[PDB]
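[1] fold the following and give me the result.
(chains A, B, C, D, E, F, G, H and I, ligands or ions: 39)
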Amino acid sequence: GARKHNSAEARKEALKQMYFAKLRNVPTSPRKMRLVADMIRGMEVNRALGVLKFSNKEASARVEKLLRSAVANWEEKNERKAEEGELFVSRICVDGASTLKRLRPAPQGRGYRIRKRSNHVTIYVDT
Amino acid sequence: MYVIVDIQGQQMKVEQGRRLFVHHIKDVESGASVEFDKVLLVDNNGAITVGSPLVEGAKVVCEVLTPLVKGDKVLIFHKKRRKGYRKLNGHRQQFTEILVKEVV
Amino acid sequence: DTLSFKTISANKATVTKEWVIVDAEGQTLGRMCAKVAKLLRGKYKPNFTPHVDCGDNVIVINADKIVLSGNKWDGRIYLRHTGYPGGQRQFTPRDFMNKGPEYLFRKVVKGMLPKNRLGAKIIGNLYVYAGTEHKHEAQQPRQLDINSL
Amino acid sequence: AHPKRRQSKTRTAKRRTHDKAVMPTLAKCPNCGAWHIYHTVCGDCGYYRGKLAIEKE
Amino acid sequence: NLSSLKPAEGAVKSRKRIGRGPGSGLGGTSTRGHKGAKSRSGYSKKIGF
Amino acid sequence: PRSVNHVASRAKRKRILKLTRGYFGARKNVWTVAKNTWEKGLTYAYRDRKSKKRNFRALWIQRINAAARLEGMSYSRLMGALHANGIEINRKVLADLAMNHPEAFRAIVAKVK
RNA sequence: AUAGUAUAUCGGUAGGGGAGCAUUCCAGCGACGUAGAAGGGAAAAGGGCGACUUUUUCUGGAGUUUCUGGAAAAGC
RNA sequence: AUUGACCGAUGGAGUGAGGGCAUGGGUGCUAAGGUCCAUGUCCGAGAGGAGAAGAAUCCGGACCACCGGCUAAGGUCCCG
RNA sequence: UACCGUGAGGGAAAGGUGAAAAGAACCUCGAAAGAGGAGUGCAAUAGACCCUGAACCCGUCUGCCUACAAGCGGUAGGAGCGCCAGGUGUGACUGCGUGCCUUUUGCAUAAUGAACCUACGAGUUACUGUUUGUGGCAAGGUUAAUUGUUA
Ligand SMILES: [K+]
Ligand SMILES: [K+]
Ligand SMILES: [K+]
Ligand SMILES: [K+]
Ligand SMILES: [Mg+2]
Ligand SMILES: [Mg+2]
Ligand SMILES: [Mg+2]
Ligand SMILES: [Mg+2]
Ligand SMILES: [Mg+2]
Ligand SMILES: [Mg+2]
Ligand SMILES: [Mg+2]
Ligand SMILES: [Mg+2]
Ligand SMILES: [Mg+2]
Ligand SMILES: [Mg+2]
Ligand SMILES: [Mg+2]
Ligand SMILES: [Mg+2]
Ligand SMILES: [Mg+2]
Ligand SMILES: [Mg+2]
Ligand SMILES: [Mg+2]
Ligand SMILES: [Mg+2]
Ligand SMILES: [Mg+2]
Ligand SMILES: [Mg+2]
Ligand SMILES: [Mg+2]
Ligand SMILES: [Mg+2]
Ligand SMILES: [Mg+2]
Ligand SMILES: [Mg+2]
Ligand SMILES: [Mg+2]
Ligand SMILES: [Mg+2]
Ligand SMILES: [Mg+2]
Ligand SMILES: [Mg+2]
Ligand SMILES: [Mg+2]
Ligand SMILES: [Mg+2]
Ligand SMILES: [Mg+2]
Ligand SMILES: [Mg+2]
Ligand SMILES: [Mg+2]
Ligand code: NA
Ligand code: NA
Ligand code: NA
Ligand SMILES: [Zn+2]
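    Numbering: from 1, shown residues only, chains lettered A, B, ... in the order given. Ligands and ions are numbered 1, 2, ... in the order given. Let me share the structure:
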C-alpha cells in the first residue's frame, strides 16, 4: 500500500551521503577488538594505516583492511581520488556478535562451557 | 498597593490582576463575583495599616475564572514490612482559579 | 493546581556577605565562639537559607587575650588517635595556644558548625589574629561590638 | 576465596581504566617516505640510517 | 431480546478466589492460618475424632 | 478455553519502569530490584509530606528571629506582643515580610513595641 | 453506618464480610480495518480511589472490537 | 449517664510457642534480659514526638491533602 | 530418532523469506572472508540463522554533573547550565532515611532465601449433604430410567 516504499525511499537518499564499511561475524572476541578501536578513533586515515600496520595486537590486521575499504567507498560515492591529509576516522564501533559454545573437560567428570565469541566492526570516514 | 487577606483559610498577598489558585469554592460558575472582607494588612506604598482583628474597611473583589482545577496526582502508599499489608491510592487536590479585579 | 504564595530561597547571587571585625580582648572562649558560629552561619540574616553560604566573613583580633575559666587551661583533656595500635594521645587548650590562637579558635568553632560539606566551606570564612594588626583594608571590614549580639 | 557479590557495571569499568593498547613508535623513512618503527630497518626499501642494509630482490 | 438479558437482583454472585495477592485479602496463607495439620494439602476431618 | 494475559502482564511492569528512570545501577531497569526501590521510595514520600510542614515553619521562625533582632526584640518576645495585641498574621506572611518588604515588618514591630 | 443533607465513625497480623478491574472464548444487538488491524518504541491525558483506560506519533503489514449476558487452562 | 458498647438462633473462622513493665506472691541467693501464678497495661497486630542511637520507659491511637493555628512529654548558648 | 546404559530400560531439542526465487548479472576495496554499490521486488532495516522483532546484557554519539569526598542509594527541598514558553534533561548544596521475603516473644540482623531477564509454575472438578441470596408452584411440590414426534 506504498507506505513502506515511502519510508524506504528516504532511508536510501540519506545513505548516499554516508561513507562507511562493515565487518560482520569476525571470529574474535569483541573486548580485545575494542582495544584497537579506541586507538584509531578520530585520527587521520594515513596515520592510522601505519599505526594499524605496526600494531602488536593481532586484531589490527583485520581492521587495517576494513579501513582501506571505507576509503574506497568514499571515493566511489564522491567521484575522485582522496587527497593526503584529507580524510579521518570520524566514527568506529565494535559490537558483540553471536557466540559459539564448546565443551572443555574438568576433573572428576565435570564439564565446563567455552565461549568462542565474535564481533562486528563499522567504520565511518569524513573529510 | 498589596494586601494580605484570608481567602479560604489561607493568607495570601493580593494585587490587582493576579490569577490566584485558592481552595475549591462550592456553587460557582465562571464569571461570578466573590468578595473577601478579611484584610489583615494593607500596604499602599509607604503607609502600613495593621488589622488588629481586621483592617475594617478593606476588601477584595474577584472574578471566578475556572470553577474546578485539579492538582497534580499524588500516590498515597501504606506498607508494613514482613506483615503483608499494602495499599496504594491516588489523590488530587481541588482548587478554584480567580482573577483579582479591584483591591478596594 | 500550583502554589501561588511561596517562600523564596536566597542563592549565590542574592546573599549579602559582609565583612566584620570582632574583638576577643576579654571574652570567654566558648561563649564568644558560640556567637561567632551564629555570625558565620547567617543566623542574623532575614534571608537566611540553610543550604547556601549566606553568613558573614569574620575577623577576630586580640585573640591571644581570650579567657578560659576554672582549671581549664591545663585541666581539659583532649583525645585523639594516630591510627596505630597504642596510638591514643592527650593535649590541652594551652598546648594549642602555643601553636597560636588560630589553632584553638578553629578547633572550638568547629564542632559548633554543621557536620557536612557546607560547614567545611564556611569555616574558611574565619580569620583569627593574635595582635591588633591585620591586612584586609581592601575589603573594608566593618566594626561590630560582639557584646551587642 | 569467593566473591561475596557480583561487581556492578561501574566497578568493573573503573578497573578497566588501565587497559590500553600500546601505540607503536613510528618514524618516516628518509628514503622511502614510508612509516617504519624507529630504530629498525625499513621493510619496504631495506635501508637503515642512510645506508642499504637488506638488499631486497 | 438476547442482547439485553438481565437476572434478578441478588440472584448471581461471584465465587471466592484465594491465593491471588494481598489486595484481595485472601492471598499468602490463603485462609488456612500458619501451620499444623489443618494447613496441609489433603487434610480432612476425622468425623468422630 | 486457555487464558494467558501476556500483553497485560508485561504492561504492568513497563509502566512502573518508567517511574524508576534516573536511579543508580540496576535499581533503574532490573525488574525485581527496581520495584523494590520504588516501593521503598513511596514510603519516604508519605513521611516527607508531613515533615515538609515542620521544616517550613522552622524556616519562617528563624527568619523572623533575625528580623526582630535587628529592631531590638527576640522572636519569643515579639510573638508574645503580637498575640497580646490580637494580631493574627501567620508566620509564613511575616517571614516573607521580614525578607522582601522590611518596611512593612517594621510597622508591625512599631505597633506592639 | 444510622436518620433522612445531619450526627457518629474510618491504625491493623491470623481471620470474617462488601464492591470492582484485567485476561481467553461464546450468544445477541452492532462497529473498525491496505485511505493501515493486532503486536513493539515514544509522548500526553484521565480515574470517589485503584486494579486500569483513552488519545497522538514512529514501526508493522492483517486482522480487531463496544455494550448486555454466559463459561474459565482467569493475574507471580 | 452512655454512638449504642449486651444476648439468642444460625453460616464462616483463626488461636490453643507468647513477651515486657507496675503491683501481690511462690521458687531461686530478697541473683538472672530466670522461672511459676494473680490483677492491670502496652508490644504482639501500633506509625508520630522526647530520651544520641533501644519492641513494650514518658507523651500520643495515623481517612487523604495543605509552604495555616494551638498545645503534650520534653525543652529555649551553638551543632538543633 | 539422536543421545545415555552391559542389559532390562531411559529419552530430547528443533515450525514461518517472498504473491511469485524474481534466491542478487555486473562493478569497487580485498589473497579471498566481509562489505559498499548496482539490479529484482510493495518492501532487502523481507538476503537465506530471512514475518514481527521485547527484556536482561553490550556499544557509539550528544546534553548536564563529577578528582577534600564516607553508609539500603531514595525521598522532600533547591541554584546554575542545555534544549523546546513554561514545559523538559541534569543536579551544586540541604533535611530525613539500617533492602525485601519467610519464621518468630522479638530480625539491619552475623536466622532462611534469590546472579539477572523472558517464559513456566501451586484450592480444581465430579458426586452426596447442609446454610444462604434469587425464583416457580403451593396443602402440595417434583420426576428418574425410559418412550413418542421432529430434525
Ligand atoms: K485473537
Ligand atoms: K533489535
Ligand atoms: K570539588
Ligand atoms: K545458619
Ligand atoms: Mg575465535
Ligand atoms: Mg602480531
Ligand atoms: Mg574420567
Ligand atoms: Mg588491568
Ligand atoms: Mg487478613
Ligand atoms: Mg507473601
Ligand atoms: Mg508458611
Ligand atoms: Mg505454631
Ligand atoms: Mg491452625
Ligand atoms: Mg504430599
Ligand atoms: Mg484513627
Ligand atoms: Mg482499616
Ligand atoms: Mg494460570
Ligand atoms: Mg498444645
Ligand atoms: Mg501453651
Ligand atoms: Mg522471662
Ligand atoms: Mg519472681
Ligand atoms: Mg522462657
Ligand atoms: Mg495496642
Ligand atoms: Mg522494519
Ligand atoms: Mg526478522
Ligand atoms: Mg579538609
Ligand atoms: Mg528464637
Ligand atoms: Mg505471631
Ligand atoms: Mg529492629
Ligand atoms: Mg552485612
Ligand atoms: Mg530453617
Ligand atoms: Mg543465598
Ligand atoms: Mg539475608
Ligand atoms: Mg527474587
Ligand atoms: Mg527465580
Ligand atoms: Na494471608
Ligand atoms: Na502508520
Ligand atoms: Na510472568
Ligand atoms: Zn624506507
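[2] ranges for the helices of chain A?
    Counting by DSSP state H, residue ranges of the helices within chain A are A:3-15, A:30-40, A:45-53, A:59-78.
[3] quick one, which of those gets closest to residue F:50.
    helix A:30-40 (50.8 Å; CB to CB). Any C-beta I mention is one placed from the backbone N, CA and C, and that applies to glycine too.
[4] close to RNA strand I, is that closest one?
    Yes - shown here: helix A:30-40 in contact with RNA strand I (CB under 7 Å from any atom of the strand) through A:30, A:34, A:38.
[5] pretty sure the second one sits against residue A:94.
    If I follow you right, that is residue A:34. Yes - the pair residue A:34 / residue A:94 is scored as a contact, 4.8 Å apart, by CB atoms under 8 Å.
[6] more crowded one of the two?
    The neighbour count for residue A:34 versus residue A:94, taken as other CB atoms under 10 Å in any protein chain shown, is higher for residue A:94 (23 against 20).
[7] around RNA strand H, which positions in chain C sit nearby?
    C:3, C:5-7, C:34-35, C:37-38, C:41, C:43, C:50, C:111-115.
[8] and residue 14, how many neighbours does it have?
    You didn't say which chain, so I picked chain A. Using other CB under 10 Å: residue A:14 sits among 8 other residues.
[9] that's the wrong chain, I wanted chain F
    For residue F:14, the count of nearby residues is 9 (other CB under 10 Å).
[10] which strand or helix spans it?
    helix F:6-19 (DSSP states H and E).
[11] how about residue C:139?
    Short version, using DSSP H and E: residue C:139 is in no helix or strand.
[12] what's the burial count for it?
    Neighbours of residue C:139 (other CB under 10 Å): 12.
[13] for residue F:11, find the nearest of the helices of chain A.
    helix A:3-15 (26.6 Å).
[14] any residue of the closest one up close to RNA strand G?
    Yes - using CB under 7 Å from any atom of the strand, helix A:3-15 comes into contact with RNA strand G via A:3-4, A:7.
[15] so what's the residue of chain C found nearest ligand 13 closest to, chain neighbours aside?
    Nearest residue of chain C to ligand 13 (CB to the ion) works out as residue C:1 at 52.3 Å. Distances taken as CB to CB, 6 or more residues apart in numbering or on different chains place residue B:71 nearest to residue C:1, at 4.8 Å, with adjacent residues excluded.
[16] surely the one you found touches residue B:93?
    Yes - if you go by CB under 8 Å, residue B:71 and residue B:93 touch, sitting 3.7 Å apart.
[17] and the helices of chain A: which comes nearest ligand 36?
    So among the helices of chain A, helix A:30-40 is nearest, using CB to the ion, at 49.4 Å.
[18] packing partners for the closest one?
    Packing partners of helix A:30-40 (3 or more CB pairs under 8 Å, 6 or more residues apart in numbering or on different chains; DSSP states H and E): helix A:45-53, helix A:59-78, strand A:88-96, strand A:119-126.
[19] quick one: buried residues of the shortest one?
    Within strand A:119-126, the residues that count as buried by 16 or more other CB atoms under 10 Å in any protein chain shown are A:119-125.
[20] likewise the third one?
    By neighbour count, with 16+ other CB under 10 Å as the criterion, the buried positions of strand A:88-96 are A:88-89, A:92, A:94.
[21] quick one: residue C:82 from residue C:95, how far?
    Distance, residue C:82 to residue C:95, using CB to CB, to the nearest Å: 16 Å.
[22] give me the more crowded residue out of these two.
    Higher neighbour count among residue C:82 and residue C:95: residue C:95, with 14 against 9, using other CB under 10 Å.
[23] thinking residue A:62 is in contact with residue A:25, fair?
    No - contact between residue A:62 and residue A:25 fails when scored by CB under 8 Å: they sit 11.7 Å apart.
[24] please identify which of those two sits among more neighbours.
    Neighbours per residue (other CB under 10 Å) separate residue A:62 from residue A:25, with residue A:62 holding more: 17 against 9.
[25] residues contacting that one?
    For residue A:62, the contact set (CB atoms under 8 Å, 6 or more residues apart in numbering or on different chains) comprises A:23, A:26, A:28, A:121.
[26] give me that answer again for 10 Å
    If you count contacts by CB atoms under 10 Å, 6 or more residues apart in numbering or on different chains, residue A:62 has them with A:23, A:26-28, A:33, A:36, A:52, A:119, A:121.
[27] then residue C:48?
    For residue C:48, the contacting residues are C:9-10, C:15, C:41-42, C:54-55, F:59, F:62-63, F:65-67, F:95, F:98-99, by CB under 10 Å, 6+ apart.
[28] how many residues are close by residue A:42?
    Residue A:42 is flanked by 11 other residues according to other CB under 10 Å.
[29] stretch F:39-58 near chain B anywhere?
    Yes - Stretch F:39-58 lies within reach of chain B by CB under 10 Å from any CB of the partner chain, at F:39-46, F:49.
[30] show me which of these is closest to ligand 39.
    residue F:41 (66.8 Å).
[31] does the closest one touch residue B:77 like I think?
    Yes - under the criterion of CB atoms under 10 Å, residue F:41 makes contact with residue B:77 at 8.9 Å.
[32] distance to residue F:73 for the residues of helix A:30-40 next to RNA strand I - can I get that in JSON lines?
    Converted to JSON lines, the residues of helix A:30-40 next to RNA strand I look like this (distance: CB to CB, whole Å):
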{"residue": "A:30", "distance to residue F:73": "73"}
{"residue": "A:34", "distance to residue F:73": "70"}
{"residue": "A:38", "distance to residue F:73": "68"}
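[33] I'd assumed residue B:101 was in a helix, is it?
    No - secondary structure of residue B:101 (DSSP: H, G, I helix; E, B strand; the rest coil): strand, not part of a helix.
[34] that one against residue B:63, yeah?
    Yes - if you go by CB under 10 Å, residue B:101 and residue B:63 touch, sitting 5.5 Å apart.
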